[PDB]
Amino acid sequence: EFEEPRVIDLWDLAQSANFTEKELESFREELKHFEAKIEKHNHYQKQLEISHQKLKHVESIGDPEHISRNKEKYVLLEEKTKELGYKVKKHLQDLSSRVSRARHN
Amino acid sequence: XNXXX
Amino acid sequence: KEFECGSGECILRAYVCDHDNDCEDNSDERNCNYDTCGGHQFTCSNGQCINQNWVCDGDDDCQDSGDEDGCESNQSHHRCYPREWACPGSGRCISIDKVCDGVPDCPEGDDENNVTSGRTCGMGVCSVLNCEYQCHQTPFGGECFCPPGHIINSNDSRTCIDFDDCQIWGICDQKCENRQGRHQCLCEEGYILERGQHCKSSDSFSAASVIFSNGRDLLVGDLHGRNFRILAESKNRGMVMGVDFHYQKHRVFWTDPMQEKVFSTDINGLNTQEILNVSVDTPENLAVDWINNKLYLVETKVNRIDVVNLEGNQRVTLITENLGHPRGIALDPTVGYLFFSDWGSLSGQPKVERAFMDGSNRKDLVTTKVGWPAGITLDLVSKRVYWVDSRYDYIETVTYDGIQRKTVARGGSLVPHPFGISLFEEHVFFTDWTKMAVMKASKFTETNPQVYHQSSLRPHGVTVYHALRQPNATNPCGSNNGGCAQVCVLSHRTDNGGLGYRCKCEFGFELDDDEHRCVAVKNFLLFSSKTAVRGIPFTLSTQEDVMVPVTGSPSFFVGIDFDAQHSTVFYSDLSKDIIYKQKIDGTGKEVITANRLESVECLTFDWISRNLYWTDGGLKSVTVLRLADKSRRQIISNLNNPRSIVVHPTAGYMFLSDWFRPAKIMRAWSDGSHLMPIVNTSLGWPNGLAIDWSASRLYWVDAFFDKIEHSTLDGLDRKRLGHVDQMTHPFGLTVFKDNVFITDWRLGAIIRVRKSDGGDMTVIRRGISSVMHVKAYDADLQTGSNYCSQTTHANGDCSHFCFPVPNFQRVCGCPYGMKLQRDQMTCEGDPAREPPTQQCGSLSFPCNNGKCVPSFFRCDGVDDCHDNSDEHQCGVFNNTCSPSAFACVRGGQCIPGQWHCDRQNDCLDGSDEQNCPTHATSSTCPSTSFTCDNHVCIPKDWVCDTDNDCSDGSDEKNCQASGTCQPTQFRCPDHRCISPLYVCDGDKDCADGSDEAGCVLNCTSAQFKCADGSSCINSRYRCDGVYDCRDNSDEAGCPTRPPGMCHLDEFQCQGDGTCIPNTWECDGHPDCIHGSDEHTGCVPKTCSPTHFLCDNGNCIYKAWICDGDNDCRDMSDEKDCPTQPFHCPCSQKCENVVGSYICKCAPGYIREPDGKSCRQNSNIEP
Amino acid sequence: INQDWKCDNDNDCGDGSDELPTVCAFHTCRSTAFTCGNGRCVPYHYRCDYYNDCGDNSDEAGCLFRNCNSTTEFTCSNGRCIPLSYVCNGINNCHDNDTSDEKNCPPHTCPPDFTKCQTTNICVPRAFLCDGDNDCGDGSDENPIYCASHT
Ligand SMILES: *[C@@H]1O[C@H](CO)[C@@H](O[C@@H]2O[C@H](CO)[C@@H](O[C@@H]3O[C@H](CO[C@H]4O[C@H](CO)[C@@H](O)[C@H](O)[C@@H]4O)[C@@H](O)[C@H](O[C@H]4O[C@H](CO)[C@@H](O)[C@H](O)[C@@H]4O)[C@@H]3O)[C@H](O)[C@H]2NC(C)=O)[C@H](O)[C@H]1NC(C)=O
Ligand SMILES: *[C@@H]1O[C@H](CO)[C@@H](O[C@@H]2O[C@H](CO)[C@@H](O[C@@H]3O[C@H](CO)[C@@H](O)[C@H](O)[C@@H]3O)[C@H](O)[C@H]2NC(C)=O)[C@H](O)[C@H]1NC(C)=O
Ligand SMILES: *[C@@H]1O[C@H](CO)[C@@H](O)[C@H](O[C@@H]2O[C@H](CO)[C@@H](O)[C@H](O)[C@H]2NC(C)=O)[C@H]1NC(C)=O
Ligand SMILES: *[C@@H]1O[C@H](CO)[C@@H](O)[C@H](O[C@@H]2O[C@H](CO)[C@@H](O)[C@H](O)[C@H]2NC(C)=O)[C@H]1NC(C)=O
Ligand SMILES: *[C@@H]1O[C@H](CO)[C@@H](O)[C@H](O)[C@H]1NC(C)=O
Ligand SMILES: *[C@@H]1O[C@H](CO)[C@@H](O)[C@H](O)[C@H]1NC(C)=O
Ligand SMILES: *[C@@H]1O[C@H](CO)[C@@H](O)[C@H](O)[C@H]1NC(C)=O
Ligand SMILES: *[C@@H]1O[C@H](CO)[C@@H](O)[C@H](O)[C@H]1NC(C)=O
Ligand SMILES: *[C@H]1O[C@H](CO)[C@H](O)[C@H](O)[C@H]1NC(C)=O
Ligand SMILES: *[C@H]1O[C@H](CO)[C@H](O)[C@H](O)[C@H]1NC(C)=O
Ligand SMILES: *[C@H]1O[C@H](CO)[C@H](O)[C@H](O)[C@H]1NC(C)=O
Ligand SMILES: *[C@H]1O[C@H](CO)[C@H](O)[C@H](O)[C@H]1NC(C)=O
Ligand SMILES: *[C@H]1O[C@H](CO)[C@H](O)[C@H](O)[C@H]1NC(C)=O
Ligand SMILES: *[C@H]1O[C@H](CO)[C@H](O)[C@H](O)[C@H]1NC(C)=O
Ligand SMILES: *[C@H]1O[C@H](CO)[C@H](O)[C@H](O)[C@H]1NC(C)=O
Ligand SMILES: [Ca+2]
Ligand SMILES: [Ca+2]
Ligand SMILES: [Ca+2]
Ligand SMILES: [Ca+2]
Ligand SMILES: [Ca+2]
Ligand SMILES: [Ca+2]
Ligand SMILES: [Ca+2]
Ligand SMILES: [Ca+2]
Ligand SMILES: [Ca+2]
Ligand SMILES: [Ca+2]
Ligand SMILES: [Ca+2]
Ligand SMILES: [Ca+2]
Ligand SMILES: [Ca+2]
Ligand SMILES: [Ca+2]
Ligand SMILES: [Ca+2]
Ligand SMILES: [Ca+2]
């Protein structure tokens, strides 16, 4: 039960690792949360350029209120995608490193 | 050397 | 549609209540509830559970920094508490009642007048700063201050802001609450508030007492130190190292590393009894599990953390992986955690770490500035853990999650070498090896720890004996043993789905699929070592020993084999020259034989006929012994260097390897006849043999050519495995399933490769001191039968010996001194050819077990026979004592001379210490050295180093912080003074690493510098095949042979291109596959007329011919003349021979078997 | 003859020359062969095989044979377990030395060309009579009741 290209190889690399059946069983339930972070990040990754074009379209209109309102939503939206960016990366590094060490010996 | 000693 | 957000949005279903602000009005997570965090997770104040490893990894994980809340101590982020001020000269804060009170309180005088820097304790600033509440004097001027519960605002320094009084370290013992209603202290059940801020034990509990080890004996004393009772004195020169106690059963448990045993006694005395006496060679520490009545203990010979019952049974090994030097241990059964300290790990770093009480989830609790953690105690009510350091000389505290790190005592002048630690109420009780005393110190901040029972030895253990020290709880394993078949071990309360326990299995069994029923284990990897013989699982998922390790103080184990029928393990101890057998769980150990052994290289066990074989490198022979009756026969003799022996019962052959200069692998019948070479070419140093039972092939390792080969049992179809990466000196090997488990001497590790071509080498265990043999324990392969094990009649009708023979036959044999009769099945005594022999020579005492030692070893106070036969009944009936011993005045006992006047009372009547004159001679200590008050000379550089080099504490006396280091010493900043030899030694001795700061390496020409410049290695390790350097720079750029050729120093085989040393060309023996190294152009060799010429080309004296010794080393001088009576006195380059011609390929080409064609050896297509 | 065949209680030569006593009164057996009380050799796998190969029955002496129940045994003296309806079926199969497999059932008889050797129930095919081999189990294969001169 996986779709992300990053997660798929991790599960494949997990089945060749040192993981005990209980460790392997708990490993899957962590990848499920890891994908949810990615799909949340991916969803906002679209929303950044959608609102970026929305911000650009409004700036061409020239209304100071709509420009200010969209910008206020925009910068907070950038924080949302930026903050989720590291959380995905941090979780990716730990998961990749753990299977790297489990396959190291 | 190969001696076990 | 979807989840309509608080302001009308189609928020996805899984976004709500994911610990994230998703709704635009911050309302997407209010109406639900979350999960709680399991024992392996950290709750980050928002309900978000994160991995325990993410706590203080240096990275904020909860946009609150809740998991990095100051896990480094003594930092720059002071922001000091109310009524405090910072003197600019250092990272220190001092309360206002001290600041400018007239006395220097920052040690540098930075809180009093310093005219040299133009600073005075002024007050004029208040006149214009206009303080909101109050003012005080500082070296800056009048400083504004505000009452407790509030701190000076940092924008202006004139206003003051509401502050949490509960956040100051030590505001109240245990816990405090009521922020709005001013700070107030709460004391839990059994505790009452006295004087305020001081929790005190309830009167309903018995008087608190401190039990501790003064260095040799267990002592007991009350908190105030008014009385001191000796609870248990040590016997047989013992030593009480680590103590602990159970309150409900009122028992005290302590470990005696010297006697090598664990003891338990009642608190009032009496009922003293041993708890463990096997495989506890060094029980460093101890901790009881009062809730489940278990006894966790730390063992350091074979590094592990075991679990036993309070009476010693049901041993289970919990944590073994990566343990290098476990020293401290503590646990909290209420929540389920287990804490232990490791002052050196195999990876290199020392660590204080947390785990469940079954070792499920290990987490490095403290890693930075950890040095040598030596003892762990924990505040069971505030949820904190206290540990000490002997190297950086501090006592420090972190939460159960390791978040809030705080220091309570530090500095070499305060805690030079703490070992143990315990706490009660508000005082931490720790023992120190340098001040040689138990010490009392406040649990929050101690400026000068008070003394408590100063001792004359190293105090090794301390713990507080009180009821409140062991809280009151319900064990999950109390419900019919938790359903576990054998052992029920606790865990974290949230583990196992909330049960709070897991079932464990004893040594001889394994846990089934239902993790409830224990079944007998069938296979595990058995390997020996210089230190111990250990059995480990074949899979690397769990690295916990499956059998209890076999160990001894004097020990060198080399040969091993197993008997799966009775679950016993045979082994040989090269230091005692005794062959033992021991059960898997360690219960029953006896000796197989101990007579006439010199160096038993390898054992092997014929599981069907029950005959134990072993090679003897000293006697140069192999011996077979039967177990049912101790018949013994030396079947093969006159070898040169026999190392490895493997016996094949069903097939009938025994296989053997000799690594002398004409090395060969020989095979013979189990009888010992038909001894013929099986592999005697292209071979040198065949250190080990193994049989692939699934395919009937014989594997062996070569330590000279650094290769693994295999062949059929006839020596034909010989194939060579692929190149193994770092195998440079293999010793032993075994074959189990698809993999071969090779042991390496130089690596000191067990490596695993595939039996097909080698392939994916995986290291099983690194760091073995001297690994020696490996063996695959397997109950499946120890089955089957032949004519030696028919059910209808006894052992093949042979009386003493029956041996399997190829083509499924059998032959009989007879012991030494006994001859097979005409029936070929029954034996009779033959005193004519094999007359009786005594246990051993004259200048030796025959011991009971079969050993015998040089006579003068009789009655010298040392057990040399290893069964106390030579020390039995000394000093009576002219059964006298050796000069090397000390005789007791009334007789009946003799002790080693080192025990005479040694300050220990060894002899029963005390004669060994009575009338002992002093040694206060007229002697000088060298002026380059320092004189200990014990009158032992130490280098003058070892003074005030916080180490007790004098063993009396003289060198560290008067070493207060007010002082210098000697001109030949380096100063650690407010830590200690060290010898310059520790400056750029490689490791940080300083608390802040000032000894290793920014200096560069001076590697000599006898050494090689790695490319990364990290470290140097000896020139011998340059270009050897092992990556000594971290970046593998030592092996980069190393010389190689030309493709298909050999170095100028070597010689190339014509048949198959094998490279052999140049000396092996023209040395009489065909070291090549087709005799290429003994061609017709070989100049022969002769010897002197007074010398005989052996078949292999050696020269031996005229009188030495047939003298009875293997002078020729190939038996030529003995086999030749037996007349000794009874008396009482071409495609390539060609070479010409007499009529034929010899076709020689050029180097890099190999000859085809037809004898004319040559083939290029390089795989490069032309 | 092969040297393995010398004095092994089997007339390999067909005339007793290989079983000649005055050579195995001195000849010793091969370490890999069982030895009888009389000194004659025998392959080891004949030990405890329900056959009297040694002659003195020493190759069957002291063997802890298996117990079995009446559905597959009548307690043939050698210890064999032989199935029901195979006892007293008309042919010896447990090879008892007194042929006790069949003789335990007295009152039976069979048509001709299957000779009732003696009074016992067995009825061996007539082709075995006067073939040169005594294989009825009883005496009536070559003893003077036939094959004397009427052949
Ligand atoms: C963990 O759980 C256990 C079980 O609940 C607790 O054990 C009890 O602890 C209390 C607190 O001390 C004990 O109460 C004391 O009992 C004493 C006598 O009991 C002993 O002797 C009787 C037989 O006579 C036994 O049955 C019993 O097991 C004990 O061995 C009294 O002498 C004490 O009172 C005395 O002092 C008070 C002042 O403090 C005076 O006012 C009285 O007059 C009197 O002189 C006291 O009542 C109780 O006995 C314990 N029971 C057991 C079975 O051990 C642990 O305390 C608990 N741990 C914690 C911290 O909760
Ligand atoms: C190293 O091993 C080889 C092979 O075992 C030894 O060479 C000789 O090999 C032959 C088998 O090929 C052995 O048996 C001989 O066979 C021939 C037929 O080919 C037969 O006619 C002979 O009567 C004999 O049975 C021979 O025994 C073996 N030699 C020995 C001494 O074992 C070679 O000798 C070995 N190296 C050394 C140093 O002996
Ligand atoms: C270990 O300790 C237990 C007690 O818990 C003890 O029973 C074991 O065996 C005893 O050892 C004594 C010393 O070797 C021995 O004298 C005594 O007979 C023996 N008792 C029995 C009946 O087993 C102890 N083992 C060892 C080897 O110390
Ligand atoms: C030495 O060792 C033996 C035990 O093997 C010990 O019994 C001997 O003591 C006694 O010596 C006596 C001679 O003075 C002798 O008569 C006696 O039998 C013997 N033992 C007994 C039963 O007391 C020790 N000394 C000697 C000399 O052997
Ligand atoms: C003043 O100090 C407070 C903290 O007490 C801080 O939050 C604030 O940003 C500062 N600035 C002003 C002018 O409020
Ligand atoms: C040793 O290495 C040091 C590094 O500082 C260097 O300065 C010096 O020249 C080298 N030679 C010696 C032996 O001092
Ligand atoms: C008897 O026959 C029965 C089967 O009907 C069998 O169970 C049993 O083992 C046999 N033997 C004995 C000794 O009873
Ligand atoms: C076994 O049968 C033989 C005939 O082959 C017979 O001579 C012998 O007497 C029998 N054994 C006994 C004990 O009767
Ligand atoms: C919180 O959830 C964990 C999940 O393993 C456990 O169920 C735990 O018991 C829960 N919290 C409490 C206090 O019961
Ligand atoms: C005597 O030595 C012979 C070998 O020479 C045997 O090893 C025999 O077992 C020895 N006898 C005793 C009593 O140990
Ligand atoms: C006793 O005998 C032993 C063995 O011969 C030693 O010689 C020892 O020195 C003797 N000591 C005395 C006191 O006679
Ligand atoms: C003890 O003996 C030594 C022997 O050299 C000295 O005589 C020393 O003075 C003695 N000690 C005392 C206290 O007299
Ligand atoms: C090793 O040395 C040879 C020359 O003897 C070649 O330089 C060869 O390329 C070297 N080895 C490798 C793997 O490059
Ligand atoms: C071999 O060397 C010995 C050395 O003593 C003799 O010189 C002998 O004569 C030599 N043999 C030949 C054939 O020269
Ligand atoms: C006995 O005969 C066997 C088989 O022929 C062997 O020849 C053996 O050498 C003979 N002698 C002995 C003592 O067994
Ligand atoms: Ca959310
Ligand atoms: Ca973190
Ligand atoms: Ca002051
Ligand atoms: Ca120190
Ligand atoms: Ca080598
Ligand atoms: Ca001795
Ligand atoms: Ca003494
Ligand atoms: Ca010192
Ligand atoms: Ca250093
Ligand atoms: Ca190297
Ligand atoms: Ca040679
Ligand atoms: Ca000789
Ligand atoms: Ca015959
Ligand atoms: Ca038979
Ligand atoms: Ca029948
Ligand atoms: Ca017939």
# chains A, B, ... in the order shown; residues from 1 in each chain; ligands from 1
call {"tool": "interface_residues", "arguments": {"of": "chain A", "to": "chain C", "cutoff": "12 Å", "atoms": "only C-alpha atoms", "output": "PyMOL selection string"}}
result
chain A and resi 16-24+26+30+33+36-37+39-41+43-44+73+76-77+79-81+83-84+86-91+93-95+98+102-105
call {"tool": "residues_near_ligand", "arguments": {"ligand": "ligand 10", "cutoff": "9 Å", "atoms": "only C-alpha atoms and all ligand atoms", "output": "VMD selection string"}}
result
chain C and resid 595 to 596 631 to 634 815 to 817 834 to 840 850
call {"tool": "residues_near_ligand", "arguments": {"ligand": "ligand 26", "cutoff": "9 Å", "atoms": "only C-alpha atoms and all ligand atoms", "output": "compact mmCIF listing (two decimals) with N, CA and C atoms, in the first residue's frame"}}
result
# COMPACT_ATOMS: atom_id res chain seq x y z
N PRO C 662 55.82 -28.23 3.58
CA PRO C 662 55.02 -28.98 2.59
C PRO C 662 53.61 -29.23 3.11
N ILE C 1060 53.24 -18.08 -7.04
CA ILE C 1060 53.83 -18.67 -5.83
C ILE C 1060 55.15 -17.96 -5.56
N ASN C 1062 59.04 -17.08 -5.02
CA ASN C 1062 60.17 -17.50 -5.83
C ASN C 1062 60.94 -18.64 -5.16
N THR C 1063 61.00 -18.62 -3.82
CA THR C 1063 61.68 -19.69 -3.09
C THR C 1063 61.04 -21.04 -3.36
N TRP C 1064 59.73 -21.08 -3.59
CA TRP C 1064 59.04 -22.34 -3.85
C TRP C 1064 59.41 -22.94 -5.21
N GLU C 1065 60.08 -22.19 -6.07
CA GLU C 1065 60.65 -22.77 -7.28
C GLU C 1065 61.96 -23.46 -6.94
N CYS C 1066 62.10 -24.71 -7.37
CA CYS C 1066 63.30 -25.51 -7.13
C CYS C 1066 63.59 -25.66 -5.63
N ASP C 1067 62.66 -26.32 -4.95
CA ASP C 1067 62.83 -26.64 -3.54
C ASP C 1067 62.35 -28.06 -3.25
N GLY C 1068 62.41 -28.93 -4.26
CA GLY C 1068 62.15 -30.34 -4.09
C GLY C 1068 60.69 -30.74 -4.06
N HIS C 1069 59.77 -29.83 -3.72
CA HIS C 1069 58.37 -30.20 -3.61
C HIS C 1069 57.56 -29.56 -4.72
N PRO C 1070 56.69 -30.31 -5.39
CA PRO C 1070 55.89 -29.73 -6.47
C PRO C 1070 54.76 -28.86 -5.96
N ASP C 1071 55.06 -27.61 -5.62
CA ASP C 1071 54.05 -26.68 -5.12
C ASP C 1071 53.12 -26.17 -6.21
N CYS C 1072 53.14 -26.75 -7.40
CA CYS C 1072 52.28 -26.33 -8.50
C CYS C 1072 51.31 -27.44 -8.87
N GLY C 1075 53.34 -29.50 -11.52
CA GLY C 1075 54.77 -29.63 -11.34
C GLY C 1075 55.61 -28.60 -12.08
N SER C 1076 55.03 -27.45 -12.42
CA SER C 1076 55.77 -26.44 -13.17
C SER C 1076 56.96 -25.90 -12.38
N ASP C 1077 56.88 -25.92 -11.05
CA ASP C 1077 57.94 -25.39 -10.21
C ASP C 1077 59.03 -26.41 -9.91
N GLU C 1078 58.95 -27.61 -10.49
CA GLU C 1078 59.98 -28.63 -10.35
C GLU C 1078 60.33 -29.21 -11.71
call {"tool": "residues_near_ligand", "arguments": {"ligand": "ligand 23", "cutoff": "10 Å", "atoms": "only C-alpha atoms and all ligand atoms", "output": "list in words"}}
result
residues 434, 930, 932, 938, 939, 940, 941, 942, 943, 944, 945, 946, 947, 948, 949, 950, 951, 953, 954, 955, 956, 957, 977, 978 and 979 of chain C
call {"tool": "write_last_selection", "arguments": {"atoms": "N, CA, C and O atoms", "output": "CSV table (one decimal), in the first residue's frame"}}
result
chain,number,residue,atom,x,y,z
C,434,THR,N,39.1,8.9,44.6
C,434,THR,CA,40.2,9.7,44.9
C,434,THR,C,40.2,10.3,46.3
C,434,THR,O,41.3,10.2,47.0
C,930,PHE,N,57.5,12.0,42.4
C,930,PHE,CA,56.8,12.5,43.6
C,930,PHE,C,56.6,11.4,44.6
C,930,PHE,O,56.4,10.2,44.2
C,932,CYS,N,54.6,9.5,47.3
C,932,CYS,CA,53.4,9.3,48.0
C,932,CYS,C,53.6,9.0,49.4
C,932,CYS,O,54.6,8.5,49.9
C,938,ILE,N,55.9,7.8,42.1
C,938,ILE,CA,55.1,8.1,40.9
C,938,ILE,C,55.7,9.3,40.2
C,938,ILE,O,56.4,10.1,40.9
C,939,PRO,N,55.6,9.4,38.9
C,939,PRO,CA,56.1,10.6,38.2
C,939,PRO,C,55.5,11.9,38.8
C,939,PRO,O,54.4,11.9,39.2
C,940,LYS,N,56.4,12.9,38.9
C,940,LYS,CA,56.0,14.2,39.4
C,940,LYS,C,54.9,14.8,38.6
C,940,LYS,O,54.2,15.8,39.0
C,941,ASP,N,54.7,14.4,37.3
C,941,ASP,CA,53.7,14.9,36.5
C,941,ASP,C,52.3,14.4,36.8
C,941,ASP,O,51.3,14.9,36.2
C,942,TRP,N,52.1,13.4,37.6
C,942,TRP,CA,50.8,12.8,38.0
C,942,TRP,C,50.2,13.4,39.2
C,942,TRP,O,49.3,12.8,39.8
C,943,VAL,N,50.7,14.6,39.7
C,943,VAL,CA,50.2,15.2,40.8
C,943,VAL,C,49.0,16.1,40.4
C,943,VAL,O,49.1,16.9,39.5
C,944,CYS,N,47.9,16.1,41.2
C,944,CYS,CA,46.8,16.9,41.0
C,944,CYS,C,46.2,16.7,39.6
C,944,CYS,O,45.7,17.6,39.0
C,945,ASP,N,46.1,15.4,39.2
C,945,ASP,CA,45.5,15.0,38.0
C,945,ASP,C,44.1,14.5,38.2
C,945,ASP,O,43.5,14.0,37.2
C,946,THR,N,43.6,14.5,39.4
C,946,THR,CA,42.3,13.9,39.8
C,946,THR,C,42.3,12.4,39.7
C,946,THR,O,41.2,11.8,39.8
C,947,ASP,N,43.4,11.7,39.5
C,947,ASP,CA,43.5,10.3,39.5
C,947,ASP,C,44.3,9.8,40.7
C,947,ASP,O,45.3,10.4,41.1
C,948,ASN,N,43.9,8.7,41.4
C,948,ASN,CA,44.5,8.2,42.6
C,948,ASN,C,45.6,7.2,42.1
C,948,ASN,O,45.5,6.0,42.3
C,949,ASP,N,46.7,7.8,41.6
C,949,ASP,CA,47.9,7.0,41.2
C,949,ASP,C,48.6,6.4,42.4
C,949,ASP,O,49.3,5.3,42.3
C,950,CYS,N,48.6,7.1,43.6
C,950,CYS,CA,49.3,6.6,44.7
C,950,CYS,C,48.5,5.4,45.4
C,950,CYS,O,49.1,4.8,46.3
C,951,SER,N,47.3,5.2,45.0
C,951,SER,CA,46.4,4.2,45.7
C,951,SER,C,46.2,4.5,47.1
C,951,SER,O,45.7,3.7,47.9
C,953,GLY,N,45.6,8.2,47.7
C,953,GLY,CA,45.1,9.5,47.6
C,953,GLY,C,46.1,10.6,47.9
C,953,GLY,O,45.7,11.8,48.1
C,954,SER,N,47.4,10.3,48.1
C,954,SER,CA,48.4,11.3,48.5
C,954,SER,C,48.6,12.4,47.4
C,954,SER,O,48.7,13.6,47.6
C,955,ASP,N,48.7,11.9,46.1
C,955,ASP,CA,49.1,12.8,45.0
C,955,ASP,C,48.0,13.8,44.7
C,955,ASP,O,48.3,14.8,44.1
C,956,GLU,N,46.7,13.5,45.1
C,956,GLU,CA,45.6,14.4,44.8
C,956,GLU,C,45.3,15.3,46.1
C,956,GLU,O,44.3,16.0,46.0
C,957,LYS,N,46.0,15.2,47.1
C,957,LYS,CA,45.7,15.9,48.3
C,957,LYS,C,46.1,17.4,48.2
C,957,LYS,O,47.1,17.7,47.5
C,977,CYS,N,44.6,19.5,36.1
C,977,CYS,CA,45.8,19.7,35.4
C,977,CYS,C,46.3,18.3,34.9
C,977,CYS,O,46.3,17.4,35.7
C,978,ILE,N,46.7,18.2,33.7
C,978,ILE,CA,47.1,17.0,33.0
C,978,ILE,C,48.5,16.9,32.6
C,978,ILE,O,49.2,18.0,32.5
C,979,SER,N,49.0,15.7,32.3
C,979,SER,CA,50.3,15.6,31.8
C,979,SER,C,50.4,16.0,30.4
C,979,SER,O,49.4,15.8,29.6
call {"tool": "closest_residue", "arguments": {"among": "C:600, C:16, C:547, C:1150", "to": "residue 5 (chain B)", "atoms": "only C-alpha atoms"}}
result
C:600
call {"tool": "residues_around", "arguments": {"residues": "region 998-1007 of chain C", "least_positions_apart": "2", "cutoff": "6 Å", "atoms": "only C-alpha atoms", "output": "MDAnalysis selection string"}}
result
chainID C and resid 1016:1019
call {"tool": "closest_atom_pairs", "arguments": {"of": "chain D", "to": "chain C", "cutoff": "9 Å", "atoms": "only C-alpha atoms", "output": "JSON lines"}}
result
{"residue": "D:28", "atom": "CA", "partner": "C:822", "partner_atom": "CA", "distance": 6.7}
{"residue": "D:29", "atom": "CA", "partner": "C:824", "partner_atom": "CA", "distance": 7.5}
{"residue": "D:30", "atom": "CA", "partner": "C:824", "partner_atom": "CA", "distance": 8.1}
{"residue": "D:31", "atom": "CA", "partner": "C:811", "partner_atom": "CA", "distance": 5.5}
{"residue": "D:32", "atom": "CA", "partner": "C:811", "partner_atom": "CA", "distance": 5.3}
{"residue": "D:33", "atom": "CA", "partner": "C:810", "partner_atom": "CA", "distance": 8.1}
{"residue": "D:34", "atom": "CA", "partner": "C:825", "partner_atom": "CA", "distance": 8.1}
{"residue": "D:35", "atom": "CA", "partner": "C:823", "partner_atom": "CA", "distance": 6.0}
{"residue": "D:36", "atom": "CA", "partner": "C:823", "partner_atom": "CA", "distance": 8.2}
{"residue": "D:37", "atom": "CA", "partner": "C:823", "partner_atom": "CA", "distance": 8.6}
{"residue": "D:39", "atom": "CA", "partner": "C:823", "partner_atom": "CA", "distance": 7.6}
{"residue": "D:44", "atom": "CA", "partner": "C:809", "partner_atom": "CA", "distance": 7.9}
{"residue": "D:45", "atom": "CA", "partner": "C:787", "partner_atom": "CA", "distance": 7.9}
{"residue": "D:47", "atom": "CA", "partner": "C:793", "partner_atom": "CA", "distance": 8.8}
{"residue": "D:48", "atom": "CA", "partner": "C:792", "partner_atom": "CA", "distance": 7.0}
{"residue": "D:62", "atom": "CA", "partner": "C:793", "partner_atom": "CA", "distance": 7.3}
{"residue": "D:63", "atom": "CA", "partner": "C:792", "partner_atom": "CA", "distance": 4.9}
{"residue": "D:64", "atom": "CA", "partner": "C:792", "partner_atom": "CA", "distance": 4.7}
{"residue": "D:65", "atom": "CA", "partner": "C:792", "partner_atom": "CA", "distance": 6.2}
{"residue": "D:66", "atom": "CA", "partner": "C:792", "partner_atom": "CA", "distance": 8.6}
call {"tool": "residues_near_ligand", "arguments": {"ligand": "ligand 24", "cutoff": "9 Å", "atoms": "only C-alpha atoms and all ligand atoms", "output": "MDAnalysis selection string"}}
result
chainID C and resid 978 980:990 993:996
call {"tool": "residues_near_ligand", "arguments": {"ligand": "ligand 2", "cutoff": "8 Å", "atoms": "only C-alpha atoms and all ligand atoms", "output": "count of residues only"}}
result
11
call {"tool": "select_by_dssp", "arguments": {"residues": "region 9-149 of chain D", "states": "alpha helix (DSSP H)", "output": "ChimeraX atom specification"}}
result
/D:21-24,100-103
call {"tool": "residues_around", "arguments": {"residues": "region 116-125 of chain D", "least_positions_apart": "4", "cutoff": "9 Å", "atoms": "only C-alpha atoms", "output": "PyMOL selection string"}}
result
chain D and resi 88-92+102-112+129+135-141
